[PDB]
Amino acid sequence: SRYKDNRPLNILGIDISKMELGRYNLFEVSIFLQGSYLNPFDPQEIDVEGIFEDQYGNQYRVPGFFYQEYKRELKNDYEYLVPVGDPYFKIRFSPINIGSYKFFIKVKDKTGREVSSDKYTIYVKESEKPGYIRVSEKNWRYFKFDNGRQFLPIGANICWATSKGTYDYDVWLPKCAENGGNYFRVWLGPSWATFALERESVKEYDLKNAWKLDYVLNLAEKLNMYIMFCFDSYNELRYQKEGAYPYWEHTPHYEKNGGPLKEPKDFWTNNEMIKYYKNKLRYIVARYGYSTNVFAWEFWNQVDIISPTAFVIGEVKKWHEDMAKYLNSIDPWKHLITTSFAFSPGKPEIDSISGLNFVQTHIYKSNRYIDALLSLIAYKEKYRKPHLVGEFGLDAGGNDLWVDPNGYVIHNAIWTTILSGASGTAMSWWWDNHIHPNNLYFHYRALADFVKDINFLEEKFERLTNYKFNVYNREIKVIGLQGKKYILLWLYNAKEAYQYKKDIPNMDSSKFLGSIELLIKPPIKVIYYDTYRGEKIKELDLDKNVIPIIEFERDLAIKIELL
């Protein structure tokens, strides 16, 4: 209760960031008040809200949140945050419609007293922002922005920083963005994470870490990147004796550390814990929900490998149903909601919950992972909602770093997932010790430039099924999409795609290798695409359905336009 107050409830002053702003831009109200509360993070102690109304009858009820200003600096090798001023309350809003808005502030504290501001008027003009990310109504396999443009996530996990904190994201995000990346994922737990809200407590949230998440969200805004916020990770509910980076003994949920839980199993049903968790969701919506750069709320990293003493499928399912419904109801902008599992096939009892808007796969597999990805993507089409391969690698033990310095494993996965019908790229691990130091971003740039002008929302892509392969000197395989106007092929050498010792192909690719015959009607334009340099190798106009395959070392992309 470091932030208690026991004065009669009064608004003391408000600051408004701007009277005029663009569609989907941040409108921020700062509020100085006094009142009676033991915990500014608990709406039963103090409840700040902004009530906004556009000219079209839509009303938004935005919970407010407690805020401390900081000034960051880098002390040789660690970030250090210096508090500036007293903490206070904020409301963060983002307008969907343009035109005029009226809003007022309402506050209630534990005494039952209620105060409110007069109504203020703001004006919203048109802007360049595409809006929030939703499931496409045209093709449930894909995401869209509110303005109808596709959102095809290309990026990686970038879930926490080193001790340099936000200064690491100052380096990683611009590199990702300039190489076609528009997506990453961050962790808000366990308590050691860069953005951990529950750092010392499950009842009060860490204002420094929340400030760091502000900063990284703002950087994503400037770079047109979109973030999945992962609220909790399995480590929090896993006992030391169970291994796999366990954290229960250190987590603030545990009664030993001041929390309400005697054991991780009680997380799903303990009424005190459920109440604090809803307060946390309210804090997250209040502080970050305005942002169109929040791609999705993700409840859990790999909830299936919490302690087996704590996984009760019926209670975990009901908890996801109830929390998705609650989160949805208090989120004025209705961001996408998801959850994840370490078991690659997932848990159908939870994945089929309608409050979870898309499903995920995590897979770390060293052999024939191309076939595993294709198989999992075909399988999860049963849910009729988008599928994100949210984590991918060779080995949960990190073998990738030593055996694949050139990123061939990432390469194979991102081409396989895009051209098998997943909503976006497979999302690699190892951002800090693999992708960045080895400068593997060029793999994403080549993929992004290949799909850049393809509208997956209108192509009605189906997986390629009835081709004839005519290759003699090699075991070539193909993964393809067939659509209205395009056929997209990724061909790979089964003997070379899983060998990681050779240097990146520098292909002087003239010779004829073989052919693939497809059920299409000429004429067609065939584009051969170097997947490593990210450029057209050759372009060919054809009058027959026999498409030559030129020589390639490891793999080759082909884009075929139906004319």
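Residue numbers here begin at 1 and follow the sequence given. The term rigid core refers to the most C-alpha atoms you can superpose between the two forms while keeping them within 1.5 Å.
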| query | finding |
| --- | --- |
| Outlying stretch relative to shown form, 130-138 versus 398-406 in 5 other deposited structures of this protein, C-alpha RMS (core) | 398-406 |
| More variable segment, 438-446 or 388-396 [Cα RMS over structures in 5 other deposited structures of this protein, core-superposed] | 388-396 |
| Higher-B stretch (mean Cα B-factor, as the entry records it), 155-163 or 80-88 | 80-88 |
| Selected stretch [higher average CA B-factor]: 518-526 or 35-43 | 518-526 |
| Largest Cα B-factor, entry values, listed residues 126, 236, 321, 459 | 459 |
| Most elevated Cα B-factor in the entry, residues 467, 290, 283, 392 | 467 |
| Record-listed C-alpha B factor of residue 181: chain third | lowest |
| Residue 532, C-alpha B-factor rank within chain (lowest, middle or highest third) | middle |
| CA B-factor placement of residue 486, once the chain's modelled residues are sorted into thirds | highest |
| Within-chain third of residue 351 by Cα B-factor, per the entry | middle |
| Ranked against its chain, the third holding the CA B-factor of residue 117 | highest |
